[PDB]
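Data first, discussion second: the structure below is written as structure tokens.
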Amino acid sequence: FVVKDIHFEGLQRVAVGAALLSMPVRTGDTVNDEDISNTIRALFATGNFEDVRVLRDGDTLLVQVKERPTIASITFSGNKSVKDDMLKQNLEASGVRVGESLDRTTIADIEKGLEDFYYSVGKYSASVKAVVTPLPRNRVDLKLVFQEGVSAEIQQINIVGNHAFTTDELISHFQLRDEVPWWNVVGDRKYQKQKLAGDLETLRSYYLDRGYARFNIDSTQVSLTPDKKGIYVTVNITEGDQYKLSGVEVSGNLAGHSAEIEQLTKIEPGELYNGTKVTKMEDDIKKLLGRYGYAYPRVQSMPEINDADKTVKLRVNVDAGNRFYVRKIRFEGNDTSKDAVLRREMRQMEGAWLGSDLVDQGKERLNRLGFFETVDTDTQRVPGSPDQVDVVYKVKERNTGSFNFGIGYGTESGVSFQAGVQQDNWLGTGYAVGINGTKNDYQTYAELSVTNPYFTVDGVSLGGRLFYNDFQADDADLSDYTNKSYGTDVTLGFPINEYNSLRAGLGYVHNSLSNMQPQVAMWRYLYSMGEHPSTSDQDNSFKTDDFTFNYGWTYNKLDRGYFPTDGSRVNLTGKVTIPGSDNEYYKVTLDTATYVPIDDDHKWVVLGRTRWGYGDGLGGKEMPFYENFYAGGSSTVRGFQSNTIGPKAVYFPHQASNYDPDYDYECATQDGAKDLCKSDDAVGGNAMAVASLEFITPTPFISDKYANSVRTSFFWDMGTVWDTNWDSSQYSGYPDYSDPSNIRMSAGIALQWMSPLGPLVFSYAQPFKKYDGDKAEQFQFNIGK
Amino acid sequence: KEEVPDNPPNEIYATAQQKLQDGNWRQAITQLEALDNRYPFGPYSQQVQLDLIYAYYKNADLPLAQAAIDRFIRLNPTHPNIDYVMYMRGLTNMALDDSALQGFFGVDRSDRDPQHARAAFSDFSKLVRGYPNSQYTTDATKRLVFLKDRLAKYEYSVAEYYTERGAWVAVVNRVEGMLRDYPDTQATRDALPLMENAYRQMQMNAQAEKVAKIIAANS
Amino acid sequence: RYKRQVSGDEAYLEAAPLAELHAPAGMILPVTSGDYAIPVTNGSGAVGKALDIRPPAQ
Amino acid sequence: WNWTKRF
Amino acid sequence: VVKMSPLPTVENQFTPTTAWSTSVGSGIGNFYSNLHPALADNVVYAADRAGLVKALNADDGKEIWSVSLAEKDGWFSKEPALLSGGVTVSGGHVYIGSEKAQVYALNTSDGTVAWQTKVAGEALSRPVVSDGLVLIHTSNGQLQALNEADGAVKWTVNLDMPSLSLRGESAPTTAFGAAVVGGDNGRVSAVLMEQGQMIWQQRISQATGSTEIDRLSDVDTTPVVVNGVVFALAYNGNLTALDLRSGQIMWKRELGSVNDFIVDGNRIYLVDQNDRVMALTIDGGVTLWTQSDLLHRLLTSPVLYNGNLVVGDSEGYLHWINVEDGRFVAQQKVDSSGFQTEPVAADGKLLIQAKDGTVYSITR
Amino acid sequence: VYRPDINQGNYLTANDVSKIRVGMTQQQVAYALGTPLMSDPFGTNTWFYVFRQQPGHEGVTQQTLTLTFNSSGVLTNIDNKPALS
């Protein structure tokens, strides 16, 4: 029968006109049962209603439609391992959001995705229920309840068909672990998917670096226990033979630079086929081609394998593309940090030909900045242009301010407290401002520093620092004297290369010494300065203000920051007090470390530590007694008490201000002293020379798993500190401290590893060449921050 | 917390209006959200949506606002007062551009991300073009001028940086672009000397003479 | 937070009025392309904090 | 031990 | 998380007692393995994960001999042999699998290695001897048949291997010159002894819906053939009866598990995934009695002893239940470390092994 | 490294520069060398294929190539210098 009206009963969301035009029927047109069915199907297919029921009321079709309910709210309970924000985002990705129509069917796929996500999080046996609670006016409350069960963990990473390499030596480099000791940070046992592919790639690279050019992973099987709490990963591989490099030939479109390319691709006769070195040569060729102005050079290295002589020949196809020119660089997402803070880390210059490696270099610099959580790149094309591009960077701003509070232990520091608050991006202008504080056993330190890392476009840094430093020499195993000081320093830093840096600056420091202990060297310094205190008095007071010019040079090339294996590191610091200050002197120190590898895998290493230092007064003055060098302890030479090595203090016949019976109080007349008497209280000379030869070897008694997480070594240390300005033949009854020939030696064994509590460093030492008066310490243990 | 009593929708509207005129925007937002999620497409859902947009702006929940105007303009594309809706969108974008990690103290934030400024400029331009006789056209034009000046200042800042480093071709291209796209703004007047210097430093003098003449004419 | 609360009250109506660059004889500055060209129109309301943004009565 | 909290 | 049900408060009529208890090299520890003791000729052969194999007296558990199959280069280097293939002492010799793709073959008398062989991959399935050959079902989706004399790879058959499986491989069973086996893929396959000739392959997996990880991946435990009819099980699948000649489905029951089941007379006793022991009718799998008191206790495959069903559990309690009605008959504690692997009953002697490797002989 | 290697302008290989000649249309010149990075905007068909280059601290070296296009869209006079002067 003919139709002349549609009721649209219960249509609050979809507009009446929109619903009417959605169906393929117009008013006044003949309608049959087939037409009614087609209209119902079309309306259902619109994806806006859950049920369509049409009733023929008189001559008008009463189209009763069950509308799609809107998401009143979504309630989650029991997600103790996953925050509901990520669940909300996942629901958004599927279109289910508060205030959106709930189709009652896509929610099934959403809960399937949630169950898959829970599987991905390690909760394998968990259960998910997407219950729907009806609410008036066709509303739905979506209660995504679930039970997380218990997480699964890996139980074995087994490799079959491997020879010449134990499974332990191969599963170590995996980011996926199977045995994680409590006393050593090595990672979690949670199982992932992308990590498995990464580990298989790592295995491939490890086998290909050793010459096994025919290595091929047959397959990989992951299994679950019936209890569903244990993963079992097996990797069936097939290792070939150790091949050798027959030769490498470059072919293709070299852009007329065959000579340099051939020079770069040179190999010694009969070298081992190393995939890493092959890729390094490929990237060197890419760099050479790019430097001449090719944006997208192509290098395809195919190895041809001849088993007759067990040889591999590298056919490298080179194809330099076209030339592209970067029209302009854009930065997106930097709502806080200004454009300069991001555009000065770019090694690619706008308005110049394109280099992809340069873009990735700038990307890594932006990553190392620390301000940005994620930083992606896009070499977008300029519309209506053949060879012009724009290099867009999309950054997601991260937080910068942070306050930290650490605590550590040590034999040279007792218990050490550290606290501070830092802001590495002041209002997004590059300036970094921080407040730091430390409390040692014998000193306290408060610092406020503000640095501009880019004072010149080149990269010269300019920093300022205000410090208040209190020193209690009594607690530092030294002669009794308190020193409260405060000062401010302004410095400039010049970088020469990636492995060198100069620092030059000025500083002003005001010191105040009190409670000083009458002794020969300190009184000599005071006499030289111009003050003559009374030896009898125990409570003295002195204060000075000095302006100093500081210079320094640091060269750092260590291959690995933690547990180095190869490279040098030389630091040379120095200072001279400028005219117009109470003190007149200069000082210089030079500490060197050098790790030389002896094996091929960088497992057996030799560490050549050294430390020289010398300082002296310029005119008739003397170098301050609160700035002399020190030795012994754990830092300089193991096997001695902290600060013990060096000249000892000679005390005058003084009466202590506070005295208690049976207490030495530094050879006090109260105890009965009436003449100069030598003691074991170190004072510290003004010339220091220390050296140490250490052999680093793999730790013997430990599973080959995580065997590189503990560093074990045997050390032999030599040290000597002396006072050059000690008066010659001043007294025949005491040792000639000015003599430098006296050299102390020790030998021992040291261990280090990264415990959850921090970096732990144990050492047992024996000072077989200790001289008279030196305090002997044997077991030096440090529990890092 | 953030729970509204179950009352008739007219009562919800009344309390919402009272709290809006009072000043407490958060409570008004909660009441409007409860009203909207309690009566999906109610008798006056359009008024509730407009009140939601206004309250989201006032509370400074700019992203939630932006979402609200997006959903509204999707739903009803011919509502008589849609011009107010586009004005609200422009204000939302301008506000988003005006952000501050610590606060607004004259840092001028002229070299941060300007995408919000471009979006606001586009929205205001479309508004002024569509409805020349609206009540919000004067403010739209003034905000357009402000946004144009801000974008010109950003371009001048980039030109200044590349003058500092020494990418003369980059400086020339950037200044030429900001001359093509923002001729009226004052940043072009201060940027032209950079282009003249860039031409001078690359041993090119004819273009340097032309830019010097340009600078001499306007001053 | 209040990262955008200051924007509740903006003002900032004191931007310097735009002025076109005069073209000296012998050369022409490049075409504008009209991408950011600001149309000339006059509205019926106020600008300096007086105009209200309250929703329109329905 | 050392604890940092990026506020 | 589904809770572990409490132990049963049942008065025992007869008190189980251990005739003797011997120690082995720490057992299989926590790893999920099929290693179990084997009794033959009044001699108990036991093994361990480390690579230690012992032959002891059955009557009183005195050591007859012991050999450490683990390789060792000097007094400082020694890697475990990872024995995870059970013991199948039969017709002389002693066959043990490994997770390094090794099938050790020792001599019953003294234990000297008879021969060694390399297999396709990990060999977890219990080796089965028949017709002068040894069948090993590996975890690499392969089924190998090796010679019993010189230990040469007679032939191999390839079976599909899903991405995610259950840590276990079914042990093939042979009859009338045909070996039936169930791979990790939900398909029971029959092959010929002479060579890897496939006769028929029938799928018995159930509930193949859902597209996720940890799906309803069925795995076969141990098909058993009697009077020309095969009976098969599958994790989350259907206990199915198949025709040996053509592999045609006869009758199915919607219950699944990974632990073995016993067929006695006209009664099939089994245990489900949820740790419920029950008995079904051979004719059509008609449920007769059910016992669900030991829910989720990780019980082992049941054993028949004097008309009673004996089952161990993770907590270390051995339960004896009456087969006729399914009521508990006795409960005993034998070891704190717990019981994981299946027990053995032969010559009126019941032997079990615990996660610590201790071998227990239970009188009754 | 103090300053990086700063490059500006088009890349004239010192060979394709000789490839050009008087009488080629704009499309042909763009094909031979490439679209110029900068150009004269003050109403005159002129292209500048500046090849400024600085290998860090070595010293800036530039090769200016003025390619003036006549009013008919064709080259009128090639000029170029390889030194800053």
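Residue numbering restarts at 1 in every chain; chains get A, B, ... in the order shown in the structure tokens, and ligands count up from 1 in that same order.
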Segment 167-170 of chain B: which residues within 9 Å, counting only C-alpha atoms, same-chain residues fewer than 5 positions away excluded, as a PyMOL selection string?
(chain A and resi 327-328+349-352) or (chain B and resi 159+162+175+195+197-199+201-202) or (chain F and resi 6-9+37-38+50+52)
Taking only C-alpha atoms into account, report as a PyMOL selection string which residues of chain B lie within 12 Å of chain F.
chain B and resi 162+165-177+179-180+199-204+206-211+213-214
Can I get the selection written as a compact mmCIF listing (two decimals), in the first residue's frame, with N, CA and C atoms?
# COMPACT_ATOMS: atom_id res chain seq x y z
N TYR B 162 68.74 32.56 12.33
CA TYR B 162 69.59 32.14 11.21
C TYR B 162 70.58 33.23 10.81
N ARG B 165 73.42 32.42 13.40
CA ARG B 165 74.26 31.28 13.05
C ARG B 165 75.10 31.57 11.81
N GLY B 166 74.49 32.11 10.77
CA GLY B 166 75.22 32.45 9.56
C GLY B 166 74.77 31.68 8.33
N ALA B 167 73.49 31.30 8.30
CA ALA B 167 72.90 30.65 7.12
C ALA B 167 72.23 31.74 6.29
N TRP B 168 73.05 32.42 5.47
CA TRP B 168 72.59 33.63 4.80
C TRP B 168 71.46 33.33 3.82
N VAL B 169 71.56 32.23 3.08
CA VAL B 169 70.49 31.88 2.15
C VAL B 169 69.20 31.62 2.91
N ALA B 170 69.29 30.94 4.05
CA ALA B 170 68.11 30.69 4.87
C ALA B 170 67.49 32.00 5.34
N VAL B 171 68.33 32.95 5.77
CA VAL B 171 67.82 34.24 6.23
C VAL B 171 67.11 34.95 5.09
N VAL B 172 67.72 34.96 3.90
CA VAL B 172 67.12 35.64 2.76
C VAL B 172 65.77 35.02 2.43
N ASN B 173 65.72 33.69 2.38
CA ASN B 173 64.47 33.02 2.03
C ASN B 173 63.39 33.28 3.08
N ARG B 174 63.74 33.21 4.36
CA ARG B 174 62.75 33.43 5.41
C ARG B 174 62.22 34.86 5.37
N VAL B 175 63.10 35.84 5.19
CA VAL B 175 62.65 37.23 5.15
C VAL B 175 61.80 37.47 3.91
N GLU B 176 62.16 36.85 2.78
CA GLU B 176 61.35 37.00 1.58
C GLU B 176 59.97 36.38 1.78
N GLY B 177 59.90 35.23 2.45
CA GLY B 177 58.61 34.63 2.73
C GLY B 177 57.75 35.49 3.62
N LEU B 179 57.99 38.65 3.92
CA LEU B 179 57.62 39.80 3.11
C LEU B 179 56.45 39.49 2.19
N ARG B 180 56.40 38.27 1.65
CA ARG B 180 55.30 37.89 0.77
C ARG B 180 54.00 37.70 1.55
N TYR B 199 72.27 39.74 2.03
CA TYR B 199 72.72 39.98 0.66
C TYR B 199 74.13 40.55 0.64
N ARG B 200 74.44 41.46 1.57
CA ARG B 200 75.77 42.05 1.61
C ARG B 200 76.83 40.99 1.88
N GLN B 201 76.56 40.06 2.80
CA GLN B 201 77.58 39.12 3.24
C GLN B 201 77.90 38.05 2.20
N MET B 202 77.00 37.79 1.26
CA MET B 202 77.23 36.81 0.21
C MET B 202 77.83 37.44 -1.05
N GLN B 203 78.48 38.59 -0.92
CA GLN B 203 79.15 39.27 -2.03
C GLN B 203 78.20 39.64 -3.16
N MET B 204 76.91 39.73 -2.87
CA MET B 204 75.92 40.21 -3.83
C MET B 204 75.51 41.62 -3.44
N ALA B 206 73.78 44.06 -5.97
CA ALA B 206 72.60 44.59 -6.64
C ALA B 206 71.35 44.40 -5.78
N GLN B 207 71.12 43.17 -5.32
CA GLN B 207 70.00 42.93 -4.42
C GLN B 207 70.17 43.69 -3.11
N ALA B 208 71.41 43.82 -2.64
CA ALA B 208 71.65 44.62 -1.44
C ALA B 208 71.23 46.07 -1.68
N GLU B 209 71.56 46.62 -2.84
CA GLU B 209 71.14 47.98 -3.16
C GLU B 209 69.63 48.09 -3.23
N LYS B 210 68.97 47.09 -3.83
CA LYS B 210 67.51 47.13 -3.91
C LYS B 210 66.88 47.11 -2.52
N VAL B 211 67.38 46.25 -1.63
CA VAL B 211 66.82 46.18 -0.29
C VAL B 211 67.12 47.46 0.49
N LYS B 213 67.32 50.42 -0.86
CA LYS B 213 66.33 51.37 -1.37
C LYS B 213 64.97 51.13 -0.72
N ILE B 214 64.58 49.86 -0.59
CA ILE B 214 63.31 49.54 0.06
C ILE B 214 63.29 50.10 1.48
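Taking atom CA of residue 170 of chain E as the reference point, atom CA of residue 131 of chain E is found at 19.3 Å.
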Would you kindly report the residues of chain A within 8 Å of chain F, using only C-alpha atoms, as an NGL selection string?
:A and (293 or 325 or 327 or 347 or 349-353 or 387 or 458-460 or 494-498)
Just write the chosen residues, N, CA and C atoms, as a short mmCIF file (atom, residue, chain, number, x, y, z; two decimals), in the first residue's frame.
data_model
loop_
_atom_site.label_atom_id
_atom_site.label_comp_id
_atom_site.auth_asym_id
_atom_site.auth_seq_id
_atom_site.Cartn_x
_atom_site.Cartn_y
_atom_site.Cartn_z
N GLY A 293 76.43 15.65 -1.59
CA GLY A 293 75.17 16.31 -1.88
C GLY A 293 74.08 15.40 -2.40
N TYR A 325 66.59 19.73 -1.70
CA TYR A 325 66.94 20.96 -1.00
C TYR A 325 65.87 21.25 0.04
N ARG A 327 63.61 23.30 2.09
CA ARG A 327 63.10 24.66 1.98
C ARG A 327 62.99 25.33 3.35
N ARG A 347 71.76 19.64 13.19
CA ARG A 347 72.95 19.60 12.35
C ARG A 347 72.63 19.81 10.88
N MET A 349 71.08 22.33 8.11
CA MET A 349 70.82 23.75 7.94
C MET A 349 69.72 23.96 6.91
N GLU A 350 68.73 24.77 7.26
CA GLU A 350 67.68 25.13 6.32
C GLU A 350 68.28 25.91 5.15
N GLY A 351 67.65 25.79 3.99
CA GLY A 351 68.19 26.40 2.79
C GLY A 351 69.50 25.78 2.33
N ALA A 352 69.58 24.45 2.34
CA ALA A 352 70.77 23.75 1.87
C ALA A 352 70.37 22.32 1.53
N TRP A 353 71.21 21.67 0.73
CA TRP A 353 70.87 20.33 0.27
C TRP A 353 70.65 19.40 1.46
N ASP A 387 62.03 18.93 -6.47
CA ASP A 387 63.18 18.62 -5.63
C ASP A 387 63.29 19.57 -4.44
N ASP A 458 78.08 29.10 18.89
CA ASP A 458 78.96 27.96 18.67
C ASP A 458 78.64 26.83 19.64
N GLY A 459 78.32 27.16 20.89
CA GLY A 459 78.06 26.16 21.91
C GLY A 459 78.86 26.37 23.17
N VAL A 460 79.38 27.58 23.37
CA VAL A 460 80.15 27.90 24.56
C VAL A 460 79.19 28.10 25.73
N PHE A 494 84.39 25.81 26.70
CA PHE A 494 84.61 25.74 25.26
C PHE A 494 84.73 24.29 24.83
N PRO A 495 83.85 23.78 23.96
CA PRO A 495 84.07 22.45 23.40
C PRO A 495 84.89 22.50 22.12
N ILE A 496 85.97 21.71 22.05
CA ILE A 496 86.76 21.62 20.83
C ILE A 496 86.20 20.54 19.90
N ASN A 497 86.02 19.34 20.43
CA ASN A 497 85.51 18.21 19.67
C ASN A 497 84.53 17.45 20.56
N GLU A 498 84.17 16.24 20.15
CA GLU A 498 83.32 15.38 20.96
C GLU A 498 84.08 14.74 22.12
#
Could you please select, counting only C-alpha atoms, the residues of chain B within 7 Å of chain C and state them as number ranges by chain?
B: 50-51, 54, 58, 60, 95, 98-101, 103, 132-139, 142, 146, 180-181, 183-186, 214, 217-218
I'd like the contact shell of residue 5 of chain D - 7 Å cut-off, only C-alpha atoms, skipping same-chain residues fewer than 5 positions apart - returned as a ChimeraX atom specification.
/A:402-404
Enumerate as a compact mmCIF listing (two decimals) with N, CA and C atoms, in the first residue's frame the residues belonging to chain E that approach chain A to within 7 Å, with only C-alpha atoms taken into account.
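For reference, selection.txt as written:
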# COMPACT_ATOMS: atom_id res chain seq x y z
N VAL E 1 41.65 -14.48 40.75
CA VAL E 1 42.36 -15.74 40.60
C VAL E 1 41.58 -16.87 41.27
N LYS E 100 68.20 -30.83 24.87
CA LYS E 100 69.26 -30.44 23.96
C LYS E 100 69.23 -31.25 22.67
N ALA E 101 68.09 -31.88 22.37
CA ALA E 101 67.96 -32.74 21.19
C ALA E 101 68.95 -33.90 21.27
N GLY E 121 64.63 -31.69 17.25
CA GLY E 121 64.59 -30.62 18.22
C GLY E 121 64.45 -31.17 19.62
N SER E 163 51.45 -21.38 16.93
CA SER E 163 52.34 -20.37 17.50
C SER E 163 52.49 -20.55 19.00
N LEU E 164 51.37 -20.66 19.71
CA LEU E 164 51.35 -20.85 21.15
C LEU E 164 50.76 -22.22 21.46
N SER E 165 51.48 -23.02 22.24
CA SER E 165 51.09 -24.38 22.55
C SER E 165 51.16 -24.61 24.06
N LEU E 166 50.91 -25.85 24.46
CA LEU E 166 51.08 -26.28 25.84
C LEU E 166 52.39 -27.03 25.97
N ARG E 167 53.08 -26.81 27.09
CA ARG E 167 54.43 -27.35 27.30
C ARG E 167 54.30 -28.85 27.55
N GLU E 212 42.57 -14.37 19.33
CA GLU E 212 43.40 -13.67 20.31
C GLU E 212 44.68 -14.47 20.49
N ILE E 213 45.41 -14.17 21.56
CA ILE E 213 46.50 -15.01 22.02
C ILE E 213 45.96 -15.86 23.17
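Interatomic distance, atom CA of residue 490 of chain A to atom CA of residue 624 of chain A: 22.4 Å.
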Can you tell me, as a PyMOL selection string, what residues are no more than 12 Å from residue 72 of chain A when counting only C-alpha atoms, ignoring any on the same chain fewer than 3 positions away?
(chain A and resi 69+75+96-102+132-143) or (chain B and resi 33-40)
Can you spit out the residues from that selection as a short mmCIF file (atom, residue, chain, number, x, y, z; two decimals), in the first residue's frame, using N, CA and C atoms?
data_model
loop_
_atom_site.label_atom_id
_atom_site.label_comp_id
_atom_site.auth_asym_id
_atom_site.auth_seq_id
_atom_site.Cartn_x
_atom_site.Cartn_y
_atom_site.Cartn_z
N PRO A 69 21.67 3.35 22.37
CA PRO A 69 21.85 4.12 23.61
C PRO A 69 23.19 4.83 23.64
N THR A 75 32.49 2.26 33.85
CA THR A 75 33.03 2.02 35.18
C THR A 75 33.94 0.80 35.15
N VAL A 96 34.05 4.00 21.24
CA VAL A 96 33.19 3.94 22.42
C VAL A 96 33.69 4.97 23.43
N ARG A 97 32.91 6.04 23.62
CA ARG A 97 33.28 7.10 24.54
C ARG A 97 32.02 7.64 25.20
N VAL A 98 32.19 8.22 26.39
CA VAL A 98 31.06 8.79 27.10
C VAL A 98 30.42 9.86 26.24
N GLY A 99 29.12 9.73 26.01
CA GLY A 99 28.40 10.62 25.12
C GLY A 99 28.32 10.15 23.69
N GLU A 100 28.63 8.89 23.42
CA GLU A 100 28.58 8.32 22.08
C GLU A 100 27.66 7.10 22.08
N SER A 101 27.01 6.87 20.94
CA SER A 101 26.07 5.77 20.83
C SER A 101 26.77 4.43 21.01
N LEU A 102 26.16 3.55 21.81
CA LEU A 102 26.69 2.22 22.06
C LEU A 102 25.93 1.23 21.18
N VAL A 132 26.39 -4.40 30.83
CA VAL A 132 25.64 -3.22 30.44
C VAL A 132 24.51 -3.03 31.44
N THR A 133 24.45 -1.85 32.05
CA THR A 133 23.38 -1.50 32.98
C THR A 133 22.46 -0.49 32.30
N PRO A 134 21.22 -0.85 31.98
CA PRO A 134 20.31 0.13 31.36
C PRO A 134 19.97 1.27 32.31
N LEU A 135 19.77 2.44 31.73
CA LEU A 135 19.40 3.65 32.44
C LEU A 135 18.29 4.34 31.67
N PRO A 136 17.47 5.16 32.34
CA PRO A 136 16.33 5.80 31.66
C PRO A 136 16.72 6.51 30.37
N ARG A 137 15.74 6.76 29.51
CA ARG A 137 15.95 7.43 28.23
C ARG A 137 16.98 6.69 27.39
N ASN A 138 16.93 5.36 27.43
CA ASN A 138 17.79 4.50 26.62
C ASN A 138 19.27 4.87 26.81
N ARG A 139 19.72 4.79 28.05
CA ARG A 139 21.11 5.01 28.40
C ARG A 139 21.76 3.69 28.80
N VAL A 140 23.08 3.64 28.67
CA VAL A 140 23.85 2.44 29.00
C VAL A 140 25.02 2.85 29.89
N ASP A 141 25.19 2.14 31.00
CA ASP A 141 26.40 2.23 31.81
C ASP A 141 27.24 0.99 31.54
N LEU A 142 28.45 1.19 31.04
CA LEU A 142 29.32 0.10 30.59
C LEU A 142 30.29 -0.23 31.71
N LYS A 143 30.02 -1.33 32.42
CA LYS A 143 30.88 -1.79 33.51
C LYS A 143 31.83 -2.84 32.95
N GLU B 33 27.19 18.89 32.68
CA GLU B 33 27.53 17.54 32.24
C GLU B 33 26.51 16.53 32.75
N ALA B 34 26.09 16.67 34.01
CA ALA B 34 25.06 15.78 34.54
C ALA B 34 23.76 15.93 33.76
N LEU B 35 23.37 17.16 33.46
CA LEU B 35 22.15 17.38 32.69
C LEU B 35 22.24 16.74 31.31
N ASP B 36 23.39 16.90 30.64
CA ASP B 36 23.54 16.38 29.29
C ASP B 36 23.56 14.86 29.28
N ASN B 37 24.28 14.24 30.22
CA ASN B 37 24.38 12.79 30.26
C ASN B 37 23.17 12.13 30.91
N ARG B 38 22.28 12.91 31.52
CA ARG B 38 21.08 12.37 32.14
C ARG B 38 19.88 12.38 31.21
N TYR B 39 19.82 13.33 30.28
CA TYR B 39 18.74 13.43 29.29
C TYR B 39 19.37 13.55 27.91
N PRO B 40 19.83 12.44 27.34
CA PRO B 40 20.40 12.49 25.98
C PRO B 40 19.45 13.13 24.98
#
Per-residue DSSP, segment 191-354 of chain A, filtered to helix (DSSP H, G or I), as number ranges by chain
A: 194-209, 258-264, 275-291, 339-343
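For chain A, the residues having at least one atom no farther than 9 Å from chain D, when counting only C-alpha atoms, are residues 399, 400, 401, 402, 403, 404, 405, 406, 407, 408, 418, 756, 757, 758, 759, 783, 784 and 785 of chain A.
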Atoms to include: N, CA and C atoms. Write the selected residues as a short mmCIF file (atom, residue, chain, number, x, y, z; two decimals), in the first residue's frame.
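So result_9.cif came out as:
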data_model
loop_
_atom_site.label_atom_id
_atom_site.label_comp_id
_atom_site.auth_asym_id
_atom_site.auth_seq_id
_atom_site.Cartn_x
_atom_site.Cartn_y
_atom_site.Cartn_z
N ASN A 399 58.05 16.90 31.13
CA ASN A 399 58.34 17.73 32.28
C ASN A 399 59.85 17.79 32.52
N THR A 400 60.29 18.88 33.14
CA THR A 400 61.71 19.13 33.36
C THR A 400 62.08 19.24 34.83
N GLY A 401 61.28 19.94 35.63
CA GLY A 401 61.59 20.06 37.04
C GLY A 401 61.55 18.72 37.74
N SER A 402 62.42 18.56 38.73
CA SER A 402 62.51 17.30 39.45
C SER A 402 63.34 17.49 40.71
N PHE A 403 62.89 16.92 41.82
CA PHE A 403 63.63 16.95 43.07
C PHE A 403 63.97 15.53 43.48
N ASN A 404 65.21 15.33 43.91
CA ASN A 404 65.71 14.01 44.25
C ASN A 404 66.30 14.02 45.65
N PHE A 405 66.31 12.83 46.26
CA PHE A 405 66.81 12.65 47.62
C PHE A 405 67.42 11.26 47.72
N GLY A 406 68.75 11.20 47.76
CA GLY A 406 69.46 9.94 47.85
C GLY A 406 70.25 9.79 49.13
N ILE A 407 70.55 8.55 49.50
CA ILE A 407 71.33 8.24 50.69
C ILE A 407 72.27 7.09 50.36
N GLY A 408 73.50 7.16 50.87
CA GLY A 408 74.49 6.14 50.60
C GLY A 408 75.35 5.87 51.82
N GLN A 418 72.07 13.19 50.43
CA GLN A 418 72.06 14.09 49.28
C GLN A 418 70.62 14.45 48.96
N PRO A 756 70.28 -3.33 43.62
CA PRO A 756 69.13 -2.41 43.72
C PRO A 756 69.37 -1.27 44.68
N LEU A 757 70.13 -1.50 45.75
CA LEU A 757 70.45 -0.43 46.69
C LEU A 757 71.35 0.63 46.07
N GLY A 758 72.06 0.30 44.99
CA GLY A 758 72.95 1.24 44.35
C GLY A 758 74.19 0.57 43.80
N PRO A 759 75.17 1.36 43.36
CA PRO A 759 76.44 0.77 42.91
C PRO A 759 77.31 0.37 44.09
N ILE A 783 78.85 1.44 49.55
CA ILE A 783 77.49 1.21 49.08
C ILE A 783 77.06 2.50 48.40
N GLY A 784 77.17 2.54 47.07
CA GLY A 784 76.93 3.75 46.32
C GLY A 784 75.58 4.38 46.58
N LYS A 785 75.36 5.57 46.03
CA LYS A 785 74.11 6.29 46.21
C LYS A 785 72.91 5.39 45.95
#
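Atom CA of residue 190 of chain B to atom CA of residue 178 of chain B spans 11.4 Å [interatomic distance, one decimal].
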Please provide the set of residues having any atom within 7 Å of segment 19-26 of chain F, restricted to only C-alpha atoms, with same-chain residues fewer than 6 positions apart removed, written as a PyMOL selection string.
chain F and resi 73-77
Non-local contacts of segment 267-270 of chain E (8 Å; only C-alpha atoms; under 4 positions in same chain excluded) as an MDAnalysis selection string:
chainID E and resid 259:263 277:282 301:302
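For residue 313 of chain A, the non-local neighbours within 6 Å, defined as residues at least 3 positions apart in the same chain or in other chains and counting only C-alpha atoms, are residues 246, 247, 248, 303 and 304 of chain A.
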